[PDB]
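Just the one chain here, laid out as structure tokens, in the form deposited in one PDB entry.
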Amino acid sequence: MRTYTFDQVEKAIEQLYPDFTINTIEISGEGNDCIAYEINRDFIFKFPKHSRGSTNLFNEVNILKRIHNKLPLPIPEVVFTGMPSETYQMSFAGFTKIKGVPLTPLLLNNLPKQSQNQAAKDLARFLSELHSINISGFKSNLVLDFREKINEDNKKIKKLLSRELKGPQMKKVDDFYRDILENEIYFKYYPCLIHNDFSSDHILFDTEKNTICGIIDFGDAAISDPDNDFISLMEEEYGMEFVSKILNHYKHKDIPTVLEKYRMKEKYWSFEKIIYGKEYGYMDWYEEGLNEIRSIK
């Protein structure tokens, strides 16, 4: 999992964009996939920490380009792109920086009621349009069929914890995965483009106008279940009271299902920690997930 010096970042950009003068550069943030650099306080440059992260970066670029000027809220726009190597699909990507601060649950509840209501309505309107984008042309590398995902994870879990679990413990894993695949509600959704990481950290807020001024980080965006973008808002995120406002402005017809999917995904995070803990090499995630699996059902 690679890192970069400011010297390296400036070199990589100069190679492809010589006339682009860099005056200021600092670490804006860091995720599991990329390190974010704020350059000239105008752009956010994402550099992949590893090969897997570069694929996410490549997909974010692809998705952001085709949904450009189709959404009611400002989203990052691709301005600079890197090159493929034998290690990365995308060496880097430069996006427009969206000004604003994360709409934290604490900031949200300190707002006047009219601003809170407008925030819920703006979020619902954004999701309504996002989930309505024509997803034909989006190739299967952007498609996240949930049933395929569950079945693929199961095979990964078996191959991973084959010698890590005792008899009865692996039986519970079989039971849990069977109960999920047995429930038709998890797979009956109409596939749409989703943000797939729709939380408070990625909802930027303009404190001067008291309005939401951007949605960022589309690195996990894919064609899947629209309910994913509501579940992610109640995980520590927004209270159920505020999400219900969004859901009702969204005209959602089956809230208890969203809550059921919410409970399932909460329990499912244990298995995610095993897979990601071994893929991303997060040995603390692996041991956490392994401890949790060895305990409940």
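Residues that one form lacks are left out of the comparison. When you see a residue number, it is the position in the sequence shown, counting from 1. Think of the rigid core as the biggest set of C-alphas that the two forms share within 1.5 Å after superposition.
The form solved in complex with a small molecule exists for this protein as well; it is not shown, and the discussion that follows is about that form.
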### Interface segment, criterion being heavy atoms within 4.5 Å of the small molecule in the deposited complex, picked from 109-117, 180-188, 122-130, 90-98
90-98
### Contact assignment for the small molecule in the deposited complex, among 247, 258, 63, 44, heavy atom within 4.5 Å
44
### Message
If we define contact as a non-hydrogen atom of the residue within 4.5 angstroms of the partner, is residue 239 a contact of the small molecule in the deposited complex?
### Response
no
### Task
Spell out, yes or no, whether the shortest heavy atom distance between residue 225 and the small molecule in the deposited complex is within 4.5 Å.
no
### Query
With the cut-off set at 4.5 Å between non-hydrogen atoms, does residue 204 touch the small molecule in the deposited complex?
yes
### Message
Is residue 36 part of the interface with the small molecule in the deposited complex - any heavy atom within 4.5 Å?
### Response
yes
### Message
Requiring every Cα in the run to move by 2 Å or more, and the run to span 3 or more residues, what stretches do you find between the shown form and the other one with the rigid core held fixed?
### Response
295-297
